[PDB]
Amino acid sequence: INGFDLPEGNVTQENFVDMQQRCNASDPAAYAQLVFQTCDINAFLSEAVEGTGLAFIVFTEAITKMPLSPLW
Amino acid sequence: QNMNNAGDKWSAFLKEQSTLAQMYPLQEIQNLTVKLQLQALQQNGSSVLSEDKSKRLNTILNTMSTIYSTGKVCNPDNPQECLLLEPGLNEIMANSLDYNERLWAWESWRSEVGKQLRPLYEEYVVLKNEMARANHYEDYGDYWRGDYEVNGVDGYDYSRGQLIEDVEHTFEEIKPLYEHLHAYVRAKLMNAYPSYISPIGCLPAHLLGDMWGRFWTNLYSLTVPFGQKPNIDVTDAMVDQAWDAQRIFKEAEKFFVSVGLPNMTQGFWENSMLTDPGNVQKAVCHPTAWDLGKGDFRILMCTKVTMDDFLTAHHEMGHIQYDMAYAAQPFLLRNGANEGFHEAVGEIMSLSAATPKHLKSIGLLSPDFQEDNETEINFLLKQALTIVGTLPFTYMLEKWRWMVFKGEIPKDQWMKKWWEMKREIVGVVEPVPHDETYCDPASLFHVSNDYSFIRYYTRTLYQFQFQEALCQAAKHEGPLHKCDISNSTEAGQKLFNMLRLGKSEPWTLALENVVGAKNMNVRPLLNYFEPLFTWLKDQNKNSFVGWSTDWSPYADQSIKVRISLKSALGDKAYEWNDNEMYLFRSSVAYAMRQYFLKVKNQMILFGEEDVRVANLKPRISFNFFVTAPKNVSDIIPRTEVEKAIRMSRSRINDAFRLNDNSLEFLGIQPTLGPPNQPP
Amino acid sequence: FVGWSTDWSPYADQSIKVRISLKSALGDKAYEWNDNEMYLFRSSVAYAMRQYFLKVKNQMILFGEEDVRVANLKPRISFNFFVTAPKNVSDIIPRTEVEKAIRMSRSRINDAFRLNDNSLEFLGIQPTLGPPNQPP
Amino acid sequence: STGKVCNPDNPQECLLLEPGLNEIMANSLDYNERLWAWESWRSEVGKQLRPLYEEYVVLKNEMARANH
Ligand SMILES: *[C@@H]1O[C@H](CO)[C@@H](O[C@@H]2O[C@H](CO)[C@@H](O)[C@H](O)[C@H]2NC(C)=O)[C@H](O)[C@H]1NC(C)=O
Ligand SMILES: *[C@@H]1O[C@H](CO)[C@@H](O[C@@H]2O[C@H](CO)[C@@H](O)[C@H](O)[C@H]2NC(C)=O)[C@H](O)[C@H]1NC(C)=O
Ligand SMILES: *[C@@H]1O[C@H](CO)[C@@H](O[C@@H]2O[C@H](CO)[C@@H](O)[C@H](O)[C@H]2NC(C)=O)[C@H](O)[C@H]1NC(C)=O
Ligand SMILES: *[C@@H]1O[C@H](CO)[C@@H](O[C@@H]2O[C@H](CO)[C@@H](O)[C@H](O)[C@H]2NC(C)=O)[C@H](O)[C@H]1NC(C)=O
Ligand SMILES: *[C@@H]1O[C@H](CO)[C@@H](O[C@@H]2O[C@H](CO)[C@@H](O)[C@H](O)[C@H]2NC(C)=O)[C@H](O)[C@H]1NC(C)=O
Ligand SMILES: *[C@@H]1O[C@H](CO)[C@@H](O[C@@H]2O[C@H](CO)[C@@H](O)[C@H](O)[C@H]2NC(C)=O)[C@H](O)[C@H]1NC(C)=O
Ligand SMILES: *[C@@H]1O[C@H](CO)[C@@H](O)[C@H](O)[C@H]1NC(C)=O
Ligand SMILES: *[C@@H]1O[C@H](CO)[C@@H](O)[C@H](O)[C@H]1NC(C)=O
Ligand SMILES: *[C@@H]1O[C@H](CO)[C@@H](O)[C@H](O)[C@H]1NC(C)=O
Ligand SMILES: [Zn+2]
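Protein chains in written order, with the entry's author numbering: chain V, 345 to 416; chain A, 60 to 738; chain C, 603 to 738; chain F, 128 to 195.
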């Protein structure tokens, strides 16, 4: 929505694959310099959870997003 | 008062015979001539409207006409001196080399007249479409194209929608020639205005030689190929042989009797007024040709001894010889075959008389004169600045007006689509962004005074079709631009077979009597300019041919703003109408006032009209730049606006409830904020 | 009555008195009220008149900062103002229509100056709503 | 002597002080037209004569103080 200037309430998770094909059919030159991250679950559910990397990197990152985070 | 009552007896008589003409049906007629006279008289035109809408339309046409002729422009350094369009504002646009004074005259005039003609012009489109749809056209643009319509004459027909394709088909063969002329003028304008013109972009709209860029003919002193060769001028040889007022027409009458055309009518010599009189006599001095009727032809001009009025004498006599030829038709068919033929026959008389071959045989050039190939380029480039330079302007303007009448352009996109068509078709960029409060087409004479403009496109194409067809009959051997039809008889017989038709035949049938084709053609126009097109392609070997529609003369001091309303507030955020754009322009003008007071120690009264917004999108993004309060040529630099916005960013955020991630100034970043507290 | 009063004015019955208490809202950290702040106040009132005539009266009227006429500026920070039609100087918008326009956009004018309805008083216009509760 | 006043309903007709603006102020009984002619004229000429009149007081006081 920043490379083609669309309003924010039109592009969401339900039709992301619908409208990215509409952008290369409209401007094939302006769509080439844009980048699109490739990410899907089972790639974030399988990561480096090595020794001393769960209580210190995984739990302490999730505690800071709860309310009353010094208590947890 | 002697001509207003005698003028209204003619107009009241014609509406009485018009309402008698609908007594006869039109499709129960067989003879083509009596059908053509009946359709030209039965035409309702106005009067199809309600009688209170008919007086509203004439009030708009009178108001738009008096705004254009009585406009005052105020010089921001002395409000006691107002300049009015024809004396003073046309002289700045035609003579000045100051960038800041041409930019002022363009803008001011534009803006003011613009605004006025806006509401009026908007009300004018609705009333003219009602009058055209009651006469069984689809819009008012289809009503204007009814001149070129031809109905049922066995192979010579022409539709009113066929004119649109023939204009666009002929235009894409001029675009190779116009691109090389646009590239040569752009390279010559960079020496006259350095640091103002991009070498791969469009030309700025206020540097073209007049107020609208219609003719490029005032750019000749900056774009002359060889300035050390005088372009040939026979004005001194006229005042060295004591040529009176009468010699200029008597040599003009000998030109036309040389080709096989009749003499002047011998009432032509007493009744006409070839100069302004020996009295200091108030009498509109404007070249014209009159056809009063009853075989009485008079020419009214105030001729001075110059080669300029030696040429327009040949032009104005050409209107007379066209008028003397069709004087045997009935009264309602005594016009040109379409609206474009009448001026085109007048200008092929002027082209043939301006050649140095004709001037040295008419006694005005040393029999020892040498025409070099450097002076033919000087002559052809002066022709192309008037002929070729006006063809994309004429095509773009009628294309915009045709799409406005049929409704392809809604009224919230009139000035958006106007300046997109300038960059794409003409190659001309505006210096200041213009929103939907301006009306820049209506600041031209032909738009605000209700005139059709396609007659200037077709006349240019018919003019070289006539000239190329007459020079094959006169057995010419060289280039087309050296041709002269004097002493021939066979060429005049080719010309006279069209001149006597009038409107009695379809105009496509009139063209085959001269050219040999049934349609207008652009290939004779290009053959005239092939010595220039060969020389132009060698001068543009290191240049770039073409232009970019992205460059602007203001878009390097602009700042892009991006606003994310639904990220900051979400389900509770206001909607961004144009009252929010007014509050944004006042907050930026407030921030510029605080920066110049606390840093530069000056008090400058910035307003919301000094913040110029362009390219408004739905995501909510635009560009803006800041201008000094009444000096439109003074743009505050981008580095001083970034320092002013950094000083007051916390105040602009609070006026809209945004938080520096929902109000982004692209190129300005938040910097500070070191964290700590544990001692 | 022989004599005259120097207090009456032909505009001072459609005027609204504004009182601003900067040091109560912010204290040791409040900006100073120069005439650039008076320019921002006159643009915020002209914005509020534009939004009222568009959403209630369905008209678009181009009010500017030059249509808000300020009189009697004091040090405590108090003045009167009245609103005029954009080029008709004889047409004063009535006081009852400016009170309805300021009530519609009072939360927006407060945020532009960081005031909180006790530091930006329009004398004659009072805050009304706000019923409390939640325990069901 | 050369001030033009524009009628907000027709900007193409400017009235200049002695013919036209003095006749409104001396003959009219319309409240809204007398209020317009007063204000307009005032404001415009006002502004101009301001900076000039301000510079005029300083130079005239210098000439008077040099003549004791
Ligand atoms: C109707 O058409 C006929 C021919 O189609 C016209 O007839 C000519 O008329 C002129 C004088 O009126 C004669 O000199 C010609 O000899 C006629 N031609 C022929 C072939 O007979 C007739 O003029 C047309 N009607 C009108 C009113 O013009
Ligand atoms: C001129 O205007 C008249 C209307 O005043 C048009 O006419 C009518 O024609 C229809 C048939 O199509 C008749 O039923 C009406 O009676 C006519 N008018 C009336 C009511 O008197 C006419 O078509 C117009 N002519 C042109 C140039 O198109
Ligand atoms: C006018 O004609 C002369 C004569 O041919 C041209 O001069 C020639 O130019 C070419 C290209 O630069 C050279 O290769 C020749 O050697 C030149 N001839 C001589 C005799 O020196 C000249 O270029 C022409 N000018 C134009 C504008 O066409
Ligand atoms: C074209 O027409 C002119 C006008 O008649 C001719 O000019 C005459 O030329 C001869 C010799 O060149 C002179 O003796 C006459 O005095 C000229 N006449 C006039 C009126 O000036 C010219 O010769 C014609 N051209 C050709 C090729 O025949
Ligand atoms: C409007 O601004 C322009 C600058 O954008 C001023 O033009 C300058 O004029 C002075 C003297 O007149 C020249 O020395 C400068 O070189 C000019 N600047 C540029 C960039 O050309 C112009 O004077 C301003 N007009 C007013 C009335 O202040
Ligand atoms: C400016 O506003 C005044 C009202 O303050 C308008 O005066 C009214 O004019 C109409 C007709 O001209 C009368 O019927 C009303 O009675 C007038 N009102 C008052 C209070 O006297 C005036 O017309 C406005 N001017 C413009 C150009 O709109
Ligand atoms: C966004 O805009 C497009 C085009 O106007 C529309 O088709 C789509 O439904 C919109 N998305 C919404 C309303 O969520
Ligand atoms: C646009 O890109 C997609 C891949 O992202 C490709 O499949 C498609 O063919 C492209 N369209 C054009 C017109 O090149
Ligand atoms: C035209 O007039 C001249 C004299 O003015 C005369 O000699 C000539 O014969 C005339 N033309 C014709 C065709 O009679
Ligand atoms: Zn002409």
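Ideal Cβ positions, reconstructed from N, Cα and C, are used throughout, including at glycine.
Coarse secondary structure for residue i, derived from DSSP in three states
{"i": "residue 263 of chain A", "result": "strand"}
{"i": "residue 720 of chain A", "result": "coil"}
{"i": "residue 400 of chain V", "result": "coil"}
{"i": "residue 551 of chain A", "result": "helix"}
{"i": "residue 119 of chain A", "result": "helix"}
{"i": "residue 622 of chain C", "result": "strand"}
{"i": "residue 601 of chain A", "result": "coil"}
{"i": "residue 358 of chain A", "result": "strand"}
{"i": "residue 133 of chain F", "result": "strand"}
{"i": "residue 178 of chain A", "result": "helix"}
{"i": "residue 530 of chain A", "result": "helix"}
Spatial distance of residue i from residue j (CA atoms)
{"i": "residue 166 of chain F", "j": "residue 670 of chain C", "result": "15 Å"}
{"i": "residue 738 of chain A", "j": "residue 631 of chain C", "result": "25 Å"}
{"i": "residue 666 of chain A", "j": "residue 668 of chain C", "result": "11 Å"}
{"i": "residue 696 of chain C", "j": "residue 161 of chain F", "result": "21 Å"}
{"i": "residue 372 of chain A", "j": "residue 327 of chain A", "result": "14 Å"}
{"i": "residue 677 of chain C", "j": "residue 648 of chain A", "result": "25 Å"}
{"i": "residue 722 of chain A", "j": "residue 638 of chain A", "result": "17 Å"}
{"i": "residue 655 of chain C", "j": "residue 701 of chain C", "result": "13 Å"}
{"i": "residue 544 of chain A", "j": "residue 176 of chain A", "result": "47 Å"}
{"i": "residue 659 of chain A", "j": "residue 640 of chain C", "result": "20 Å"}
Residue of the options minimising C-alpha distance to residue i
{"i": "residue 764 of chain A", "options": "A:63, A:310, A:612, A:286", "result": "Any property of residue 764 of chain A remains undetermined from this structure, which presents chain A solely from 60 to 738."}
{"i": "residue 125 of chain A", "options": "F:181, F:147, F:129, F:137", "result": "F:137"}
{"i": "residue 196 of chain A", "options": "A:573, A:219, A:433", "result": "A:219"}
{"i": "residue 207 of chain A", "options": "A:505, A:225, A:547, A:108", "result": "A:225"}
{"i": "residue 611 of chain C", "options": "C:710, C:709, C:730, C:674", "result": "C:674"}
{"i": "residue 731 of chain C", "options": "C:705, C:723, C:724", "result": "C:705"}
{"i": "residue 21 of chain A", "options": "V:351, V:345, V:347, V:346", "result": "Nothing can be reported for residue 21 of chain A: it is not among the residues displayed for chain A, which extend from 60 to 738."}
{"i": "residue 557 of chain A", "options": "A:521, A:588, A:586", "result": "A:521"}
{"i": "residue 435 of chain A", "options": "A:565, A:132, A:290", "result": "A:290"}
{"i": "residue 664 of chain A", "options": "A:658, A:657, A:651, A:286", "result": "A:651"}
{"i": "residue 388 of chain A", "options": "A:199, A:564, A:85", "result": "A:564"}
Near ligand 4: residue i beta-carbon under 7 Å from a heavy atom
{"i": "residue 545 of chain A", "result": "yes"}
8 Å Cβ cut-off: residues of chain A touching residue i
{"i": "residue 654 of chain C", "result": "The premise fails here: residue 654 of chain C is roughly 10 Å from chain A at the closest Cβ pair, so nothing lies under 8 Å."}
{"i": "residue 642 of chain C", "result": "645, 646, 649"}
Residue i: CB within 7 Å of a non-hydrogen atom of ligand 9
{"i": "residue 322 of chain A", "result": "yes"}
{"i": "residue 491 of chain A", "result": "no"}
Per-residue contacts from residue i into chain F (C-beta, under 8 Å)
{"i": "residue 129 of chain A", "result": "139"}
{"i": "residue 259 of chain A", "result": "Simply none; closest approach about 42 Å."}
{"i": "residue 692 of chain C", "result": "158, 159, 162, 163"}
Any non-hydrogen atom of ligand 8 within 7 Å of residue i CB
{"i": "residue 359 of chain V", "result": "no"}
Partner residues on chain F for residue i, Cβ-Cβ distance less than 9 Å
{"i": "residue 622 of chain A", "result": "Those do not exist, as residue 622 of chain A stays about 35 Å from chain F at its closest Cβ, beyond 9 Å."}
Under 9 Å from the C-beta of residue i: neighbouring residues of chain C
{"i": "residue 716 of chain A", "result": "710, 713"}
{"i": "residue 721 of chain A", "result": "What residue 721 of chain A touches in chain C: nothing, since even the nearest Cβ is about 14 Å away."}
Cβ-heavy atom distance, residue i to ligand 6, below 7 Å
{"i": "residue 500 of chain A", "result": "no"}
Check: residue i C-beta below 7 Å from any heavy atom of ligand 2
{"i": "residue 210 of chain A", "result": "no"}
{"i": "residue 154 of chain A", "result": "no"}
Contacts of residue i in chain V (Cβ-Cβ under 9 Å)
{"i": "residue 678 of chain A", "result": "345, 346, 348, 349, 350, 351, 352"}
Cross-chain neighbours of residue i in chain C, by beta carbon under 8 Å
{"i": "residue 135 of chain F", "result": "689, 690"}
beta-carbon residue i near ligand 5 non-hydrogen atom, thresh 7 Å
{"i": "residue 692 of chain A", "result": "yes"}
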